[PDB]
Structures are given as C-alpha cells and as structure tokens.
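**Student:** Give me coordinates for this.
(chains A, B and C, ligands or ions: 6)
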Amino acid sequence: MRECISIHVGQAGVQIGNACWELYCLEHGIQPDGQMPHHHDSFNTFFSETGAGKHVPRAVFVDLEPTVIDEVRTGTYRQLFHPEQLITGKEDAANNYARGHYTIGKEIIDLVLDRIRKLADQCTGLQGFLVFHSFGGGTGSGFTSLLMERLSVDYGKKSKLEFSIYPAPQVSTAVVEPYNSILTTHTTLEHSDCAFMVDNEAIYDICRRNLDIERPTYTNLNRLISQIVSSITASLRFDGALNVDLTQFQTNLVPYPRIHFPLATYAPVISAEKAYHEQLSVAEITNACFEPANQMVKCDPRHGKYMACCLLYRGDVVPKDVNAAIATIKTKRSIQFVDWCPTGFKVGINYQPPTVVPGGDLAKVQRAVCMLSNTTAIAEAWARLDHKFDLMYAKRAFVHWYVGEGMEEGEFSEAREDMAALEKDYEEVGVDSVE
Amino acid sequence: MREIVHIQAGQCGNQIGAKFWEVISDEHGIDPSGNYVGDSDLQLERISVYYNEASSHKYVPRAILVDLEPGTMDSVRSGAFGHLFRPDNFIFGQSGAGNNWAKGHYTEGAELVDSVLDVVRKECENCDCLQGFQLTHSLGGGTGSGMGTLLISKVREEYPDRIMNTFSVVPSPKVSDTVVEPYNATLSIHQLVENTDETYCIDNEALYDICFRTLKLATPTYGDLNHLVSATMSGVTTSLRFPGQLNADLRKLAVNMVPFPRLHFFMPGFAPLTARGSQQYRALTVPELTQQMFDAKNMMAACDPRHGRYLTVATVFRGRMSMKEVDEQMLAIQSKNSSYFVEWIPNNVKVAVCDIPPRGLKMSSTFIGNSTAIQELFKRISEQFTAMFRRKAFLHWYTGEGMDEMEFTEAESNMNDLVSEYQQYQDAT
Amino acid sequence: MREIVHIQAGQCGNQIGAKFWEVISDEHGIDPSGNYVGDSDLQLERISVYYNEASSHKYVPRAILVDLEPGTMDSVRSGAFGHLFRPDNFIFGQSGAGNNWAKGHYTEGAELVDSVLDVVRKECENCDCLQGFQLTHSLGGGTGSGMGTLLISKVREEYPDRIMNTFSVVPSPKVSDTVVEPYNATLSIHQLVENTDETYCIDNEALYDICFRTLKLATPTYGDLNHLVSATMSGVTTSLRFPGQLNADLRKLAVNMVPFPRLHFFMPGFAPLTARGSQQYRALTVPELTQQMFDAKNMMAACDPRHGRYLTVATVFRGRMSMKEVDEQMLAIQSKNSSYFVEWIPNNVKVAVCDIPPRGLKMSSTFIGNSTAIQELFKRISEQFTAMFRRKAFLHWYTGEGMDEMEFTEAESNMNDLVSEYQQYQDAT
Ligand SMILES: Nc1nc2c(ncn2[C@@H]2O[C@H](COP(=O)(O)OP(=O)(O)OP(=O)(O)O)[C@@H](O)[C@H]2O)c(=O)[nH]1
Ligand SMILES: Nc1nc2c(ncn2[C@@H]2O[C@H](COP(=O)(O)OP(=O)(O)OP(=O)(O)O)[C@@H](O)[C@H]2O)c(=O)[nH]1
Ligand SMILES: Nc1nc2c(ncn2[C@@H]2O[C@H](COP(=O)(O)OP(=O)(O)OP(=O)(O)O)[C@@H](O)[C@H]2O)c(=O)[nH]1
Ligand SMILES: [Mg+2]
Ligand SMILES: [Mg+2]
Ligand SMILES: [Mg+2]
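**Tutor:** Numbers count the residues shown, from 1 in each chain, chains lettered A, B, ... in the order given. Ligands and ions are numbered 1, 2, ... in the order given. And now the structure:
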C-alpha cells in the first residue's frame, strides 16, 4: 500500500545499499534468491511481488562508471535485483561537480527517470524517495542534485528523505571536497525535506571504542549505518504500539524549511563478550544514546543545543519506563533545549526486535533505540566547511576545471552567500529571544 | 570500456615498455605465447582496457612502438615477448634522430608521423570509449623527445576532449648522458606545457640510489632499473583495471593534482622496497608503508622535498587494508609534518584503495606528489641552457635543419615564466 | 537455370580464366578430372549455371577460349586443369594481332569471328535459359581488345535482349606494358561505350601495391596477381550461384548501378586481405571488413576516391553475418564519410548477403563502386592519346590496314564528350 523508492548514486550509495538491502531481506525472512525456507501487507512497501514466489526490490542503482555496479551484478545478491534497474554509465565524473551535473550527467538523466516512472506507475500509494548519496564524490553529489530537480517537478509535494555522508573535518579522501560540498548543498537546500548526516570518522571512534574492533573495513562501517537506515523505516513495515510514518519526521523534526539537517544515532552498540556483563535495560540505552560519545557525527552536543529529538524503540519495550526515562533526561542539565520548544521529544514503539546478520560486529539485543536529533551543534560544522571553501576560492585554485566544463564565476559567488545566510540563521534562531 | 592507447617513442620508451608489458601480463595471467592461463575470473572482468580480445581467445596489446631507427625494434621483435604484439604496430624508420630536435620535429619526423597517426586512428576503432593516451618517452634523446612532442601536438588535434599522461624521464643533475641535453630538453618543455594535462618527471640517479642502498644491489643494470619504474607506472593505472574499496582512474587523478594549467609536473614514488634477504626482519603492515614513502630517501626523483612544500599528494594503495589505518596515518603524517604542506590547500591528501595486491606482496603503495621542489630542477636546467646559448655552442646544427634564433629566445622566455609562477604561488599568501 | 556464357580473348583472358576455373572448381567441389568428389548437395542445387551435365556424371565448363596467336593454348592444354575443357572450344588462329587494332578487327577478325560465333550459337542452343555474357579481356593488347570489340558487336545484333559483363584490365598511369597503348584503348572504349551494358575497370599496379603492402609479398608474380582478381570475379557471380539471405543477380547489379547509358564503368574491391602470418592477430568481424573495403589503399583500381564522389556503391557479403551489423555499419560509413557521396542519389548503397563463405575464411565481401574517380583515368588517357596523335606517330600502320583519319577524329570527339558528361553530372546541383 504505502510505497517509497530508493535511489543509490555514487560509489557510497551503491556500497551502502549493498548492505542496507542485505538487511531488509533478513528482517522479512526472504532468501537472497527470493525463496523461503510476524508472518501472516508487510513486504508490499519495499518488496514488489511477482506472480511466482520471488520478490524483487524497488531499487534504482545508477552510476556513471561501471566499476562498482559490476560488483553488484556478480555478487551474491545477483538474482535479487531486477536486471533492468541497474543503470550504468561509461566513465565517472572524476570528483568533478561540473561533469556530473552539466555534461555527462545530462546525457543519462533521462534513462533513470524512465525507470522511476515505470516503478511509480507499478505502485499505488507512493509517499516519497530515499536517496543514499555522498557529498564529496562526482556522481554521488553533482548527479544527485540533478535528480532532485527532475523528481521534484514530476512529483509535486512528497517527502524526500536523504541519507547523506557528511564530509569529515579532519578525515578527507578527496582534495576538492570543499568545492563539491558547498555546490551541492546550495542546490539541494530547497528540494530536500530532511537530510540525515553521517561522518565517516565518527563511526571509526565508535567502532574502535564501543565495538572494540581493530579491523574496521568499509563493510564493518557500512553494516553499522544500515541499522539506522532500516530502523527509521521500521514502523512502516512492522506494527507498533505508537506507530510513526515517514510524514511525521517532516513535521516533527523540521521547525523551519531551511533548518532540516538532523543527525543519526544508534543504541545499544556493544560487542559479544561485553554482552554478558551488561544488563541492557531500557533506562540505560536511553542514557547511552544521549551520551555525547555515541553520536554519529563528529560534533559534540555540549557546545550546542538540541532543537528537537526523535526516538524509535523496538522489541521488549514498555511505554511506562520509556516515559520515565525521558522524564529524567529532560530534567538533567547536561543537555539544554531551545526556549520556544517546551516539548522536544517524539517517541515510537514497535514489537519487532532488531535482527543481527551472521558474523556482524554488533551483538544481538532485544531492544534498540535510534535517535535523530535536529540540533544547533551542526551549525559549527557548516561554518568550518565554509572556511575551507573561501580559503581555496581565494586563490581560484582548481577553478579552471569547473569553468571549462560549463559554469561561470558568478555562480560560485551565489553559492557562497547562500551558505552565509544558512549559517547565520542556524545561530540567529538558536540564541535567546527577548521578551 | 574506458580504453587507453599506449604510445612508445624513443629507445627508452621501447625499453621501458618492453618490461612494462612484462608486469601487465603477469597481472592478467597471460602466457608469453598470448593465451590466457590464469585461474581467477576477476582478471577477465576488465581485460579490454589494455589487451584486445581476438580470435581463439588470443589477446593483443594496444601498443604503438615507434622509433626513427631500426636498432630498437630488432631486439623486441626477435627477442622474447615479441610473438604477441601486432606486427602492424611495429613502426620504425631508417636513421635515428641523432640527438637532434630538428631531425625529429621538422625534417625526419614529418615523413613517418603520417604513418603512426594513421595507425592511431585505426588502432582502437574496435575500442569503443577512449579514456586517454599513455605516452612513455625521454626528454634527452632525439626521437623520444622530438617526434614524441610532434605526436602530442597532432594527436591533440584529433581528440581534444580527452586527457593524456606522459611518463617522461627528466634529466639528471650529477651525470649527463648526452652532451647536448639542455637544448633538447628546454625546446621540448616549451611545447609540452601547452598540449598535455599532466607529466610524471622521473630521474635516473635517484633510481640508482634507491636500487643501491635500499634494495642492496651494487651492480643494477638497466633491467633491474626499469623494473622499478614499471611497477610505479602499473600502480597508477591499476585503479581502473581492478576493483577497489575507493576506486579511481586517469580522469580522477588529473582533477585533484592540476590546480593550474601550467603546474602539472608530478613526482612518483613506490613502497615497500626491501631486499630479498632482509625481507624477514620487517612486518608487512600499513604503519611502515606510509612512513616509507614520505621520507626523502625513497623518492624516484632526485629532488629533496625539504627545500619545498607539497601542494597535492596521492596515495594509491594496493593489497588490502582498512581505510581507518590509512587515514589514521595520513592524520599522523599531516600533524607531525605540517610544516611541509602549502597553507592555501586544506586537506591536500587524495587516497584510493584497491583490492588486488601486487605480485608477491601483502600490501604496497604508490605516491604521486605535485610538489613545489620541482622548481629547483627547472632552475638548474634553465641555468645550463643559459650558459650554452650565449656562446651559440652546438647551435649551428639546429638552425641548419629548420630552426632559427628567434625560436630559442621564446622557449627560454616562456620557461623562466613557468619557474616564476612555480615559486610565486609557493610564496603567495 | 539462368545460364551464363563465359568468353575469353587475348593472353590475359586465358591466364585469368585459368585461375578463374580453378576457383570455381574448388567452390563446386569438382575434381580436376571432372568428377564430383564433394559431400554437400547444396553445390548440386545450382550447378548448370556455369558447368554442364554430361554422360557418366561428367561436368564441362561453358567457356569459349579463343586467341589469334596459338602460343597461349598449348600452355592451357598441356598444363594441368586441361582435362575438363571442351576441345571444340579451344579456338585459336594462326598469327597474333601484333598489338594492332587493324589486325584484330579487319584482317584476322574476319575468319576467326565466323568460327567462334558458331560455337557460341551451339552453346546457346544447348543452354536452357540464357542469363547473360561474361567477357574477360585487356584494353592494351591487340587480339583481346581488337577482336573482343568485334565479338561484342556480333553477339549484340544476335541477342538484343540480353546483358553482358566485361571485366577489362584498363591500362595503368605509372607503368605502360606496350608502347602503343592509347591507340588501342581509345578505339576500344569508343566501341564499348556504344554497345555494352557494364564494365569493371581493373588496374595492374594498383593490385601490385595491394599484394606487396597489405599481403606483404616480396615477389608478386602473375600467379598471385591473377589469383586476387579471380576471387573478386567469383564473388560478383556467387549471388546467383549460391543461396543467400538477400539474393541478387547480374540483372540486379546492372540496374542498381547504371543510372545512365554512358556511365557504366565500375571499380571493384575485395576484403579481407591478410597475410599468412598476420591472420592470427586480427578479429574477423564485420566492423573491420567494411572499414577495410572503404579506404583508398584497399582498392583494385589505381584511382583514389578522395578526389571524387561515389555515385553508387554495392556490397556483396559472403558467409554468415547479421543484416543489423551489415546495415548499422553502412550507416556509420555513410554518416562519417558523407562528404564523399553524391547528393542527388539518396541511400546509394546496395547490399546483398550470401550464405556460403569463401574457402578458408569466416566471411568476406566484395565492393563494386561506380564512382567519379574514373574521370581522372579517362582524362589522362585522352591526354596521352592526344599528344601522340597530333604529331601523327605510329599512324601509318592503322591506316595501312583498313582505317583512316575519320575513325580517329570521331573516337577522340566521343571520348571528350563522355568525360564532359561524366564531369558535368558530378558537378550538378
Ligand atoms: N560510509 C562509506 N563511505 C564511502 C564508502 N566508499 C566511499 N565513501 C565516501 O565517498 C567519498 C568519495 O566520493 P564518492 O561518492 O565515493 O565518489 P564516486 O562514488 O566514485 O563517484 P565519482 O566521484 O564520480 O568517482 C569518500 O570521501 C568516502 O567518504 C563506503 O563504502 N562507505
Ligand atoms: N630509465 C631508462 N632510461 C634510459 C634507458 N636507456 C636510455 N635511457 C635514457 O634515454 C636517453 C637516450 O636518448 P633516447 O631518447 O633513447 O634517444 P634514441 O631513442 O636513441 O634516439 P636518438 O635521440 O636519435 O639517438 C638517455 O639520456 C638515458 O637517460 C633505459 O634503459 N632505462
Ligand atoms: N592481370 C593480368 N594482365 C596481364 C597478364 N598478362 C598480360 N596482361 C596484360 O595484357 C596485355 C597483353 O595484351 P594481349 O591482348 O594479351 O596480347 P596477346 O595475347 O599477346 O596477343 P596480341 O594482342 O596480338 O599481342 C598486357 O598489356 C598486360 O597488361 C596477366 O597474366 N595478368
Ligand atoms: Mg565515482
Ligand atoms: Mg635512438
Ligand atoms: Mg597474344
């Protein structure tokens, strides 16, 4: 009945989605090849049903280079995906925003829109789009800004959820990141309803400290982020004592149209040996998720204020001690809310405990809390990233690649003043209001 | 898909390439006869990028070997690894350029440049997407430098919307192989900085020192020398030949490392470099690899980085690791060595990781640094060229075959401009 | 059904025909003794077009070998492959024409034509349903050119409602075999234009270059030179000799190709041509086949198409392909090379596909292009003939055996008119 389609662009989107879609097939008890060895619909929201017993996902894998899609085609999850939907280009954008948004990205945007239209007409009650795109890449940043323009015009007013990968302050794999991030934010600031952010190093501290892991491959990092991705859409696919659907997050976490940049968090996240020496009660996973060191973005909450929050419990959860736990949390003076939001908590309970994939770093837990915080503390990260952009742009470094691929110098000025307006507003509303 | 054309000019390019296709063949499991004898299927997933599928599962490299003299091809054709090249590609002239620019760009080059260019257009019509051209040549010879520049200007006309890399062998500051080096090199650079996207400058004495102290070899011939430069040259490409956690390609490297159109001269480097005997006393792990590349000793260009500052840096890892250990060290390198990096490029480290290790090694790395210390190399060459030109020495045989006085004036006028901006940006605030 | 008559004149015709009937015998699985030894019944499906059924399952060709000088015939009779011809067909005169038109049209033309016309009539009556005539001759000799014109005329009043194909070896620009070429050529061409349907002009030195360059043969003799021209000639006919997916016949070629009565001079070409050693490094595929055909180098007539425009073009494939690949590639050729095609015939590509591949090849093709590059061939011949005639050289021995000056004046006037109309239609809007 209720439908949402998932778009994976760039290498980040395809690699994350390989693990994200690896977990849904386990929650719904479907084999990788579509067969079968709570169950009574449920899967209609993600897994479209073919006449036979096989289910195929509603995914659209699009990339400009074929190096990573071929891994998916030849991977273990080969018979699952619909072969047509795996759209490949020929060469990537080479970490150039101009290439993947003007010259080469334009030549393939019509093909992906064709499969979007065919997938939407096949469904009935479409609600919105889930986009898993990075920020520093070429086909994950420039190409996805084009898709927002194409999707928004076709479908007027639908929730557009994005699961970004926020560029790290100290960790940086690309050299031209400040040019890509500033450009992609200025254009998606108006076509996005809420954009969850994740920092790559933030999981590394979490994986080193809490997980007690010295082998943090990208598989281990990607396994952990997918748990947040699945549990946000956990109420759509499963019944719950206080159900929350995708439309609530738009009206519960977005006080202003521009300030729609929350950040994710998961709890409990502990190892297998440490599982024995922990009681794992509701009163502590609420405390664990609110601790500063468990946040999944490299920004400390103590320097800022929580604009709004959202918790999504699941499993053996009673709505009483959950009420009590937030009661003490609000009383505690470590965390401070904004004055004009007397109530700043939204809760959702579900009866299905989260599952654990075989061989995962995490341990099986009967309860789980996934916290999405819209906070002022993310404003510090914007100002820093803006500092890098004006430093590089001062010398006009790397500019010649962009201007030679279909941009003018005047465009770079407009994206700069736009981020100035967003940053000043992010703190102007966060300061006390007189009277 | 994303095929690239490999061009060899001069004796060095043919000699480097003769051993370059050695390492490429082992990576793809290719017998010297030309038939696949490998085991893993992953090798054939992207085999068309370099090799060309043919009848009865035979593979033919996409190579164009050209020299103005027949003294080079006699070795490759008659010698081993010569039964798999296509004989149409074996282009050769009659008389060598004789260490003269004029006899390779004006008089003798024009006769044979039409034959090779027609092969280039014919070369990969079967090839369906050009990714770029790969050129290996020398900056000291006549045919390697003279017609090699002639090809670059002509090829650029036919494929303007394409990127190419030239893996040149820049001259030495201690021992000079040929007497008229500065006339040949400076005339080449005045044309290279206009029709190329990036250039990998490589020395020889720096390769001699590395093969002497680090590898513990007292008598390294040219066979043991070219093996070191083949691995670096194969390291840059292997990003798009094999799958990796964070992939890269030829187009990706050009964007990160060419901040300005004229500042596109790089300096490579490889690690680990350990002797066979002393390989049991070291633990193969990421910690030493990042430290190994960033010291002045293990650098393939004889220019000490301590007199300059890195502008941008690559680290194209291989093998298997965790990107955390990679970026934990790039953090340690950045913090402890922050005095050797330019201020007005934040986070100037580009890292890519592959999944296929090199042969007989758990992990390895390739370092490419668009450092400012090159400015001291061009300063020396422009110093040698100046001393020779006022005396008009060796010049009576350059104007006698096409050139004149005015051409030499502009080449040096442009070259001092290049070293001016290569330093004015370093001291720019 | 649709039987074809093959006529040979001059030394060239007998030598070309000797290689011709060699190819056909292998194609139809015919032993040199004349008995069927092959396996497939597909060859027997249409065997009466060339061969003739006889007693005890013997097969004899429908060929009429005839030449004034006897010297050629003792070679074909005493040599191999002479046990299957018809002894009545072995017509020969007493003395050669001596490179004279007059001795080939008035003196010895009288008595020999009456004898050869008799065998034609007997051969025609034996035939079930005549399709056309095939004449192979040269425009430089005396007997082949002089008598062949007489035979073409005498046949013409006899069978008005028929077609014929003349595969003539047109003289070369670079090298000339005989001193008095232009007198025989100009007279011969004037008569042929009057009373012939189509004509496939073929050069010698152009096929000399192809054998030396492409096939890389050091010593190209007449054995190898005539072998290549036979394969083109066998390819043209095999459309109706063998079944195919898009069949064609001699009638189809004549109408598709000849837009005007006076413009019927074609230029053939064959592909693939690969050496014995270099066949393993090439992929036998339709892309390279069409590309190999459509370049000036692989053309059997010494006229570069780049100076002119293709009026109409044919392409008779062989083997097994896809019509998609065939016609997709004709689109790629037409779009890329559109500047070289006449504007006022659209879609000027005729394609036919057979099913039986040529011997020892996966697939092949034959290209017949009625172009405007012949205008440079006729212009040169007219220039050579003009200068020689104005001083009245060698004329006393054409006037002394029947002709006079009025024939020479009218032949030159007609040839000037033909090249005038040929050019005026190329430059039409
Ligand atoms: N969490 C996570 N992040 C990744 C992963 N792979 C790459 N990234 C991020 O992606 C960024 C690189 O940009 P990408 O979007 O991957 O570039 P791309 O997808 O190859 O597209 P192009 O830029 O056009 O080549 C890096 O900064 C990484 O932080 C992954 O497996 N997991
Ligand atoms: N790395 C490496 N460099 C070489 C090798 N052989 C020669 N060189 C370099 O190449 C230069 C020789 O000039 P070439 O470009 O080879 O000249 P050539 O190809 O012989 O043609 P001419 O200039 O006409 O003589 C010398 O300065 C050497 O430094 C080699 O085997 N390995
Ligand atoms: N393709 C090809 N052409 C040939 C060959 N032999 C001769 N020719 C050409 O044929 C011409 C010879 O003239 P012919 O008509 O054969 O003269 P002939 O048969 O000796 O008798 P006469 O005309 O009386 O001299 C020469 O100009 C050659 O160019 C051959 O073996 N192959
Ligand atoms: Mg990419
Ligand atoms: Mg040489
Ligand atoms: Mg004769």
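
**Student:** Report the buried residues of stretch B:393-401.
**Tutor:** B:395, B:398 (16 or more other Cβ atoms under 10 Å in any protein chain shown). The way it works is simple: take the backbone N, C-alpha and C, and place the C-beta from them, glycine included.

**Student:** now check it, is it near ligand 2?
**Tutor:** No: judged by Cβ under 6 Å from any ligand atom, stretch B:393-401 stays clear of ligand 2, getting no closer than 13.1 Å.

**Student:** Residues touching that stretch, excluding its own?
**Tutor:** B:100-103, B:106-107, B:179-180, B:183, B:388-389, B:405, B:408 (Cβ atoms under 8 Å, 6 or more residues apart in numbering or on different chains).

**Student:** now, which of those residues lie within helices?
**Tutor:** B:102-103, B:183, B:388-389, B:405, B:408 (DSSP state H).

**Student:** from the residues you listed, which single one is nearest residue B:43?
**Tutor:** Using Cβ to Cβ, residue B:103 comes nearest to residue B:43 of these, at 43.1 Å.

**Student:** what helix or strand is residue B:230 on?
**Tutor:** helix B:222-237 (DSSP states H and E).

**Student:** Find the centremost residue of the chain, please.
**Tutor:** You didn't say which chain, so I picked chain A. residue A:163 (2.0 Å; Cα atoms, centre = their mean).

**Student:** my bad, chain B
**Tutor:** residue B:167 (1.9 Å).

**Student:** Name all residues that make contact with that one.
**Tutor:** Applying Cβ under 8 Å, 6+ apart, the residues contacting residue B:167 are B:16, B:134-137, B:200, B:202, B:229, B:233.

**Student:** of those, closest to residue C:60?
**Tutor:** When the contacts of residue B:167 are compared for distance to residue C:60 (Cβ to Cβ), residue B:134 wins out at 62.6 Å.

**Student:** mind giving me the domain ranges of chain B?
**Tutor:** Annotated domains of chain B cover B:3-257, B:265-374, B:375-427 [CATH domains of a matching chain].

**Student:** Isn't residue B:61 up against residue B:20?
**Tutor:** No: using Cβ atoms under 8 Å, residue B:61 makes no contact with residue B:20, being 9.9 Å away.

**Student:** quick one, which of those two is more surrounded?
**Tutor:** residue B:20 (25 against 22; other Cβ atoms under 10 Å in any protein chain shown).

**Student:** Which helix or strand contains the more buried one?
**Tutor:** Residue B:20 belongs to helix B:10-27 when assigned by DSSP H and E.

**Student:** Please see if that helix touches chain C.
**Tutor:** No: between helix B:10-27 and chain C, judged by Cβ under 8 Å from any Cβ of the partner chain, nothing touches; the nearest distance is 15.0 Å.

**Student:** Buried residues, that helix. List them.
**Tutor:** B:10-25, B:27.

**Student:** what's the closest non-adjacent residue to whichever residue of chain B sits closest to ligand 3?
**Tutor:** At 27.6 Å from ligand 3, residue B:88 is the closest residue in chain B, using Cβ to the nearest ligand atom. Distances taken as Cβ to Cβ, 6 or more residues apart in numbering or on different chains put residue B:119 closest to residue B:88, at 6.8 Å, once the chain neighbours are dropped.

**Student:** Give me the secondary structure label for the one you found.
**Tutor:** Assigned with DSSP: H, G, I helix; E, B strand; the rest coil, residue B:119 falls in the helix class.

**Student:** mind checking how far it is from chain C?
**Tutor:** Residue B:119 sits 13 Å away from chain C, going by Cβ to the nearest Cβ, to the nearest Å.
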